[PDB]
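Read off the chains here:
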Amino acid sequence: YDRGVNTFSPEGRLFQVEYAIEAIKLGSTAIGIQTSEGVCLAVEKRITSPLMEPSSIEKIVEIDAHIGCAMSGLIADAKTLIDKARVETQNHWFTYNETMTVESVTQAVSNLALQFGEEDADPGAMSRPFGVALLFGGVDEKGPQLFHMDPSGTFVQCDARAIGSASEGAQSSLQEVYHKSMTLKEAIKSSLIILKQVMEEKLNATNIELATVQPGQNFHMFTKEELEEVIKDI
Amino acid sequence: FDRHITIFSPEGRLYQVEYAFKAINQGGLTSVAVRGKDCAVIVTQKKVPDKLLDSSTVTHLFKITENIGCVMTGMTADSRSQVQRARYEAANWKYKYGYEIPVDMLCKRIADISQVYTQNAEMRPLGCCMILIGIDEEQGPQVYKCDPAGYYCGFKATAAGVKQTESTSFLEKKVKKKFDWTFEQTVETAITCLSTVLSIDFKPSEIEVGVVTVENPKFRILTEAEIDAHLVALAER
Amino acid sequence: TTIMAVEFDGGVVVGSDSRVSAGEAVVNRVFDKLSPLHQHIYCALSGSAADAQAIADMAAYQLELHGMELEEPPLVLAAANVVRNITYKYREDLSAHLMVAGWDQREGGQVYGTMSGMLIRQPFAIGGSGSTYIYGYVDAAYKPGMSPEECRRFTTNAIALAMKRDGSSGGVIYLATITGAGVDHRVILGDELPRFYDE
Amino acid sequence: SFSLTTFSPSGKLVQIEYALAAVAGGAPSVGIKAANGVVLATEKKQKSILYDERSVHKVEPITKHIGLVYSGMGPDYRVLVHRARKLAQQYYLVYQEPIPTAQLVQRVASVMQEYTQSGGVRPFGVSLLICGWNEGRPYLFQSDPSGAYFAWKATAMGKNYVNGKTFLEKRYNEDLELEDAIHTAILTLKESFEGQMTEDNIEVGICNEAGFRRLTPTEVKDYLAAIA
Amino acid sequence: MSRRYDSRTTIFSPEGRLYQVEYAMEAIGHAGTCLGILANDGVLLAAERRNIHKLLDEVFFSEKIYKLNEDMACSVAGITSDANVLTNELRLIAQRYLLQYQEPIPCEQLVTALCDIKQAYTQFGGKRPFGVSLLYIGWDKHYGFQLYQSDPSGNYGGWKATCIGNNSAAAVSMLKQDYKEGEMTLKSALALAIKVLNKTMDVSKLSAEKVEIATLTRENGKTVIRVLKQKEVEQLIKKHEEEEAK
Amino acid sequence: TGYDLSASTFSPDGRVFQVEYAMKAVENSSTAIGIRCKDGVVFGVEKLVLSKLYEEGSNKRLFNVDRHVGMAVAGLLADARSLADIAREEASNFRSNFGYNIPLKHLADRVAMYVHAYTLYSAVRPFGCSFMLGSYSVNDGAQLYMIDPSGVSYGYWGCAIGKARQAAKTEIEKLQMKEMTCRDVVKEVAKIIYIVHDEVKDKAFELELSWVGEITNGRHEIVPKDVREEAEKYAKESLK
Amino acid sequence: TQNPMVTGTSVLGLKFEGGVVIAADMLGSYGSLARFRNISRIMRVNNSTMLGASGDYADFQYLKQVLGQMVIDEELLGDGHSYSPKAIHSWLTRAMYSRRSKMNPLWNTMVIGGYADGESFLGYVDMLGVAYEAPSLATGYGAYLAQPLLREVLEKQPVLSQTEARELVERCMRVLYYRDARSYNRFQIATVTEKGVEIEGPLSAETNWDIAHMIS
Amino acid sequence: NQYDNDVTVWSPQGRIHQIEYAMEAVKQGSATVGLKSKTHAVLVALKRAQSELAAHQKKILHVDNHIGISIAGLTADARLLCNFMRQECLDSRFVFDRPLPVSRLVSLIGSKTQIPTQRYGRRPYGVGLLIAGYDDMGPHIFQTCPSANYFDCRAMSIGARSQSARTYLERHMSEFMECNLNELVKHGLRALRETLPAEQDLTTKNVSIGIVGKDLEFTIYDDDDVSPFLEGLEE
Amino acid sequence: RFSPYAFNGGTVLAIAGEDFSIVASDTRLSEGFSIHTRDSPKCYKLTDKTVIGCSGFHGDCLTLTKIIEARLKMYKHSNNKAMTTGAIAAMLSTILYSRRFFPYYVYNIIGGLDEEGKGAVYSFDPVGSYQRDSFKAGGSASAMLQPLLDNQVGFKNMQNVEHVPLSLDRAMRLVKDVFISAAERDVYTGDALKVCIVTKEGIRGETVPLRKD
């Protein structure tokens, strides 16, 4: 109103970029963890009624065999990036015939974040900033890695990161539970502890999704069987 | 919004076109051109406010082509811009229709340029009005004037700038009494017209006078020596 | 098709014939191949008659603009580069070849061959399908510092010699003497062509 | 590139509303269709003697058998002139025949509608009055900037057009010869026009079996004698 | 493109409505009365004439009634400006149908084709929507005699009888009473429409000039469309004025 | 009021305030002067030292448009380098067209036309820079033209751009510059530079001088450090 | 491609101690005709490098206008840099390569000599884009004639003075005039050194015709 | 008021507030410093971490063998412009087959930032750059602005609290010329100290440097080689 | 008309040893029957562990190499590491295909050590097909070099003989003499020899004399 999407603040920051980060607080909570034995991802399905099927809700998507992903914020903008990130990942193996480093995965996706404008653009140009926050976990030649991006496109290597509405108290809780060499299975335990505290509902085997990647095992989503064995350890 | 872009006012007028007319008086100059029997003469004031200012580089008399003279009254930035395009249009006539463009068809295409500025809200009109002279081989000398609105009409004499009604009022004295229009006589009325309204008595170095005649169809600006010969002899009678 | 130009002290003499023949039949036996690009600036048409007349108007369109913007006659070097770039860029669809010559207040009379797309200055230049056979006369009989009367005869004798040997050349000789005081246009009737060895 | 003409809270177009108010205050123009011909008498008024009447003419022919007059803006009219004449040319390109007046006014009035939709452009400020002759039946049409064209036996346009319509409503009826059509068009023109009436102040033209032709100032002076 | 000059016609109301679309139907609400009736032996479309002056010509055809093609016809209520483009576009669409399929266009296809164009202008482009509502009549090989109604929003539906413009709700109320589905034929529907026209029109002294009536029927394998002459309408006036008072 | 928002919208008095505000930005730029004589045209510019951290030769204010054409710009340095390459493209396209160096009057016209083109459109902005254009030739001679932000060129025996202009123009009128030679003119150019600059707001500066004429053989050339120091010493004789 | 006319002739160049000599004939050729006998085929680039070419001279004047303005634009910049003799040799390699992909190759063969910072550079490009660096280079039939003459000297004496170089050029200019029908008598010997490029005017060579008396 | 809505509209004083808001965007980034000698050039970059668990961001971008640059401003605006800088430098070795002069690269950087300014709807690039490089004339320190202005510099410090460093750069400017590679690192790290708060000072984790030289190509150091560089420097 | 291609001759060899990779090619550059120069090294060093040979039309050999070097910097700037020998080979395959309609005319040979320290030899074709092999050849003498390396290096067609893995001392003398024999019968090979040996410690260049004929 009385301004463009490119109009700067009196402090010099884009309004559309500022409101984009503020919209993530309405998304779903997902907590990634980076360990020496792999990268752990956990997210809640957020079922508001029994009529819904939990199979249709996928908040953890698989970019590559050893590379996972997490989801929050606006759902509409993420499904466009999840497909675009996959294509560029295969364009890498189509060109260099190797697995893309997760840092380059964050790099190719971060390019399309701030491309948005109005004049001097193409018909394939985006009007509004991304309202989605992403977590890229995975294992590569350098070992397990866990990365995070925001609507502004900044990607940073993180030992542990939380997204969604509960990311305020979850990120502070990750610093407490993460000490030195703590393993994947121990991180899974601490993941369910923080996640159960931040959710308003009860922790159940089918309520949350849990997926981990390992240096000796491809990215794997734990089925209902294994999820019952994981929640039992609490 | 009728006073910002060009759109119909509540009374159906265009205020951006009217401000283009008010941009003419902002130039601070006054020009006059009289259509004579065998001749057409333009008289305008040459302004050199600075002593360092080169007089040879400041000229209000423009040449569209050999047989057509020109003078610009209005914003100087818009004036020199239209004349360049007027020379682009005049050459496009010969490259297309084969012969030197007449003054009537030249004022028409120039007026059509201002019509595009008026109807479209993307481009603003120019604040300059062009006065063109010349001699057509059929109807004789032709003197026309085009306002930024796109109007043009055949004028026996033209007036522009700060002085308009008063300049025409003196021209009404000559046409109503039906005087005889010759090369010198038209210069007699043109200098007297601007001198009496501004209370100056222009010197030869203060003005520049373009002329065209049947014997000399090529447009030429009079030299200060000739202007002085056309001054004291004018002041003689 | 024969065109010729010779520089001297006070100006240049640019000659041409009147014969224009498409194929083996004459379309017009009287035609002026000199198309004025300006007062003192002329262009000698040669090569394809259709492409040369198109360039002459496209060149005149640009030169009149450059002349009115400066309010002074353009230099002969200015008019030559106009024809050259139109020639060199469009040589794909244009086979015409022109010879630019004129007079300016800077260096005086100048003759610039634009043929084939290049540009060079010469004291005397010849072009057309008939200029190939006159190399003998123009080279040996050329002397420095010839009077305007000798330059008119030297230009006429070589053109009249081309008209004899060239089958595509004929008609009447058109002469244009371009000097600082103006340009003189003369026409040499068939009886006034200089007579050479007839046997 | 955004449309400058939008729907008002009452549904009426705001931009074309001022277009119709603009042509209402233009130069007075009247026309009459009677018997085998149509009379067009307009007002060309010059603000000084310096003005040359032969240089600019308000009555202009579209073609041999068709002619047109106007009341409204000057510049927007010459844009209509070029496009309507080029429409008659593109007509004669395809159909190689003189254009009927009904088809000529229809596609020209469609140009007036294009600028009530396309953005960044104002509607035309000219209300066109078209005269035409086809198949022995005279044509008198009236078009306004809105794009809706009508048909009239006689009408008035320009300043004080309501009086000219009421005057022709009373005086004019059927069975009037072309000579009476001129005389009647002058009488209704004497009412709207004020001041002395000369051959230069009025520009008259007619269209008949011989086509649309403009009247010379000599024969106009003959009609200024209240003879026919 | 200064922002301050854009009204952004794509803005939804807090109730989820379009302003430019609602203002379009209001301008249609001031248009003259136009109605149509689907009958067994033919279709009938009649309308009034709001423009009345002694100096009018009207030497051509009808006013608000147009002919889409051989087998179809339409009426008009709205701004006559937007009606001319729609009438042209409908004819262009119905003709582009004749290009590929080389058959008379079904009355359902021609309606949804223009409505897709109406929706597109309200969706994007920044141009104002259209202020004309149209009724459609005709015959097709599948469904036979057809009567349709269109709205400027692009919404349309089939109708046995309807009315548009002024006095629309008044005529619809009478259609819910007198109209007999599957019983009254084209002949009986003609007398019924004249009865509804006269009662819903508060302007007295109905004349053959002031009203217009057009009929479209299929006879001997050929679609016959006609407009009743003023004398033929005057004969119907003589019939209705005995069945009004007497 | 909203009338001065876009250049396409006229003021109630029939003016464009957007062009006027671009001229006010030129008044904040550093002072640059030039003078033409029979021997040639002499250039000078006041280059302010912003910090000691900048290498010698940085922020060069002497622009070379073409071999015989020098330029000195005072205004926004962003629009300065823009028009700088654009003016070089016009001179290069000229030589790609007519095969020689564009005369100074013809070059000043094409550049000023490109400047006025952006004043008409509301979707762009006018230039906030003003500059002078000198040239020298054997057929023409020394010539000096200045183009304002509104795109209008005026012939000058001398001109001054930047903050202090009218004060420097009157000092040039007090003495005849025509019969002087570029060796004596640069003595007056450095003399004016020292008069314009005092220590109030600005701290330090450097003298950037340029010559075109017989001394440079008709080609645009910068003044060497040896002659520059000697030209300063001639101005160091007075100051007062 | 189509038809260029405006044919050129051979060009020779060689390296010596502290400089490079490049010489070429001044004759332009049209078909079998020798038409323009006065032409400058050697163009100077800044101080330290020099250019000459063959093939179509009309395309060479276009390369004059392109490369010339680009070189002048650097002198207009005044940044303190000059195009190295390798930079000109590199830019012409891609500029001639860019014309093959658009199916509009220019007919020409160019030689880039220069001397900068004690480094003597001589290089060769082609319409076909073949580019390399050699101590002695020639174009046309010179690579068949004058090239083995210089190779024999460079193998025996890799170091050559400025006088010895010009003497070998004239002897090579003498042989090229003999066995090349399309060559010409008048030629220009241009030499770049620590003082820059210096182009000598029209020159000739004394010919030994005694074979006329030895055959008969 | 209504004159800050876009770039094209001039203020009544003839200023563009959107360019000012772009120039204030650069000062919101990290504080980096760089300097050059008569031989070498050193770029000292300060790395920040988004959180305590997060690794430090990379403020150094490799451009050419002899060229390096530090970015301060919007991260993604630097990346799109870095793809422009690297493309032009790759085009230099793709066409000229020589390292692109650092002065000619920066001139192309300004031309890219002059394009958005004069046109409505296109935002200027809100990232600042401190770039260094070595050529035949020696090392060069250049600074760019979102206003498209670019200067040649001996040494500069950009970002917040940069004047305490610039004041240090003024006093030791005489020594910056004659010091060698080991001393340039000592003066560079001590210059970074003035831009830093009073609590967290110097750690090899968040501090990285790069060096270009006469025969030494641009090389990035992070931890292992930076640890002995920090040793022997008293703060 | 215009011939876009011409055969410039030359020969390129690559052999993959156990811990090492050797690549060698001649210096002779000649088009047609004439010699342009006797020193024109075709061997180009991409990274420390990778050396690419180029044999074919010389104009495409220069441009394609500059395109590869441009994409080497795109990788390293993005991925913060050097390309592996297998990554460079698969890259140029898509590079050669981008021209599939107007293919580059060249024969490329890439060699070096992989992450395991084993030699990887990669032979290409103008259309971009590739494969991994112990030893490959290329150029005008390609038909000559292959049979000699089959018997000596490959131990093929030999019954009851000890098979010893390739040694660097023999690999050097085998590459030298196959070119000494090549320079005899190959008009396009000779005048000098440049041998680039890529080992785990680094690259080591060598120069061997050959006949000048």
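Anything mentioned here points back to the structure above.
Reading the values: the criteria
Residues numbered from 1 in each chain as written, not as in the entry; some residues may be left out. Chains lettered and ligands numbered in written order. Part of a larger assembly, values for the part shown. Heavy atoms only, no water. Helix = DSSP H or I, 4+ residues; strand = E, 2+ residues; numbered from the N terminus. Rg over C-alpha atoms; globule rule 2.2 N^0.38 Å. Buried < 20%, exposed > 50% of the residue type's maximum accessible area, 1.4 Å probe, protein only. Contact = heavy atoms within 4.5 Å. Buried area = accessible area lost by both parts, 1.4 Å probe. Salt bridge = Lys/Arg side-chain N within 4 Å of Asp/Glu carboxyl O. Pairing = 2+ DSSP bridges. Axes fitted to C-alpha atoms, helices over the stretch in contact; angles between N-to-C directions. Polar contact = N/O pair within 3.5 Å; in protein donor to acceptor, adjacent residues only side chain to side chain. Nonpolar A, V, L, I, M, F, W, Y, C, P; charged D, E, K, R; others polar.

Asker: What is the right way to read the overall build of chain E from this model?
Answerer: Tallying secondary structure elements over chain E gives 6 helices and 10 strands in all. For chain E, whose C-alpha radius of gyration is 19 Å, the value lies close to the compact-globule estimate of 18 Å for 246 residues. Per-residue burial over chain E gives 49% buried out of 246 residues. Within chain E, contacts between residues at least 6 apart in sequence are counted, and of these 63% link residues at least 24 apart.

Asker: I would appreciate a short explanation of the interface of chain H and chain G in the present structure.
Answerer: One frequently used descriptor of interface size is the decrease in accessible area upon assembly of the parts. Listed per partner, the contact involves 9 residues of chain H and 12 residues of chain G. In total, chain H and chain G occlude about 850 Å² of area from one another, counting both sides; carbon and sulfur atoms represent 53% of this. Among the residues of chain H in contact with chain G, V95, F96 and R104 of chain H are the three that bury the most area, contributing 52% of the side total. For the salt bridge of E74 of chain G with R104 of chain H, the shortest nitrogen-to-oxygen distance reads 2.7 Å.

Asker: Could you clarify how one ought to interpret the sheet that holds strand β3 (residues 60–61) of chain D in this entry?
Answerer: Strand pairing in a sheet is mediated by backbone hydrogen bonds. Such pairs are either parallel or antiparallel. Residues and elements named next belong to chain D. Across the sheet, which stays open at both edges, the 5 strands sit in the order β3-β4-β5-β6-β7 with antiparallel pairing between neighbours. Strands with a single pairing partner mark the edges of an open sheet, and in this sheet they are β3 and β7 (149–151). Its contacts with the sheet place helix α2 (residues 74–95) against β3, β4 (66–72) and β5 (126–134), and it is angled at close to 35° to β5.

Asker: Honestly, the interface of chain H and chain F in this entry has me stumped. Any pointers?
Answerer: Contacts between chain H and chain F engage 30 residues on the former and 26 residues on the latter. For the pair chain H and chain F, the summed buried area comes to about 2,600 Å², and 55% of that belongs to carbon and sulfur atoms. It is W10, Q118 and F151 of chain H in chain H that bury the most area against chain F; as a group they hold 28% of the surface buried on that side. Along the contact surface separating chain H from chain F lie 2 salt bridges. The salt bridge involving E55 of chain F is made with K36 of chain H; its shortest N-O contact spans 3.9 Å. Counting across the chain H and chain F interface gives 10 residue pairs in polar contact. Of the residues assigned to the side of chain H that touches chain F, the class counts are 15 nonpolar, 10 polar and 5 charged.

Purely geometric numbers; function is a separate question.
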